[PDB]
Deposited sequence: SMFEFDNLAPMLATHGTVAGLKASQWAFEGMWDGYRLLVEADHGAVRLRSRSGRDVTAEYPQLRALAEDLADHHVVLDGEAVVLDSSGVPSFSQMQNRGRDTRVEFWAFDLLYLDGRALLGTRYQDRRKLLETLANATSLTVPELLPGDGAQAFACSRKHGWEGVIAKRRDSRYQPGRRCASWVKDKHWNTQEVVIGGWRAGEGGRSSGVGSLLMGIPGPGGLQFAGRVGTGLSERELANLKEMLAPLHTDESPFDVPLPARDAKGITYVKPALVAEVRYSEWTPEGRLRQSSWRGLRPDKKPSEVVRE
């Protein structure tokens, strides 16, 4: 049969503003900071497909039982694998640094195929109804839409501490692998890539962030929030080989910022969320999202 899960790439959203959109036209979903997954559940047997289009089934054994209540069905799902922090908010860093005791959940937000019917050409409104009929009172988690028009859904989403809202046009088709104007993503917090220039201990109580410039890293502040247990342990192994006596910053750090510090060669790129930039170039109310081993320091610029 000719729907090819093995040829499927996820649909992508366009950065925009949702506050002026109406629920009559747009479905407001919460934005889940996790790992994007396509899921084929063929009468209970689950296969997972990354956005890059590769089998990642073996990387999430906690999801092997995802379809335990769906053994009578053959479905393709779209959703986010999440790991919930102590607030029950999906945490990206707890996902990327997950262990065997780590609870991974799959939160489904689309249905692409159901018992021999491919649904790429079916309107979102109708796919969602089939998704609800499939998952009601099962262990398959389908987060509901946020109530209200756009500004209310966005506010509610902020109240929960979620990442933002994705508005999906109720009449829209599913376009694999395409970034479309029919999905609008709107994030609550700004986000900045940084280069790690040093660390303090309580261990690693915090990191010293910088933006590359002509004379070295321009100090962008200290991040300590959003980091716990498993990740810091890995941070210590990534930092160890980078030990250096020379500071990488373009001005010697103020004494308060340099207290108990070890400098590292400016190699690791991380990502943080922040409210605003101070007039002197520090990140306000920064919090850790995670490390970005795909990026290298020479691409970090003030965004």
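In sequence order, the one gap in C-alpha coverage of the deposited chain falls at 203-208.
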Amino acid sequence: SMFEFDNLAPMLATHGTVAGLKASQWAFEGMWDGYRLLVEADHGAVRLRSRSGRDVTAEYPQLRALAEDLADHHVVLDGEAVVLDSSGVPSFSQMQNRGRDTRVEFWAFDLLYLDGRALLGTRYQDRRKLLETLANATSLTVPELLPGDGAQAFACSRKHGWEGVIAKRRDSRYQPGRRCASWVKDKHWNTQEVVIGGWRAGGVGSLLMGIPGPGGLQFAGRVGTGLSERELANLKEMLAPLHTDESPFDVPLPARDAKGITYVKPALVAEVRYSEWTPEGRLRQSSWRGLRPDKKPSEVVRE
From here on, numbers count along this sequence of modelled residues.
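According to the PDB record, 215-223 carries the higher mean C-alpha B-factor of the two stretches 127-135 and 215-223.
Higher average CA B factor: 232-240, of the stretches 36-44 and 232-240. Within the selection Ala27, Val272, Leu70, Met31, the deposited Cα B-factor values reach their highest point at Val272. Among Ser182, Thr141, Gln175, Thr191, the highest C-alpha B-factor recorded in the PDB entry belongs to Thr191. For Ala267, the recorded CA B-factor ranks within the highest third of the chain. Only modelled residues enter the ranking. Per the PDB record, residue ranking by Cα B-factor puts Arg200 in the highest third of the chain.
Among the modelled residues of its chain, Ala9 has a C-alpha B-factor that falls in the middle third according to the deposited record. When the CA B factors of the chain's modelled residues are split into thirds, the value for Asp78 lands in the lowest one. Ranked against the other modelled residues of its chain, the C-alpha B-factor of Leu63 as given in the entry falls in the middle third.
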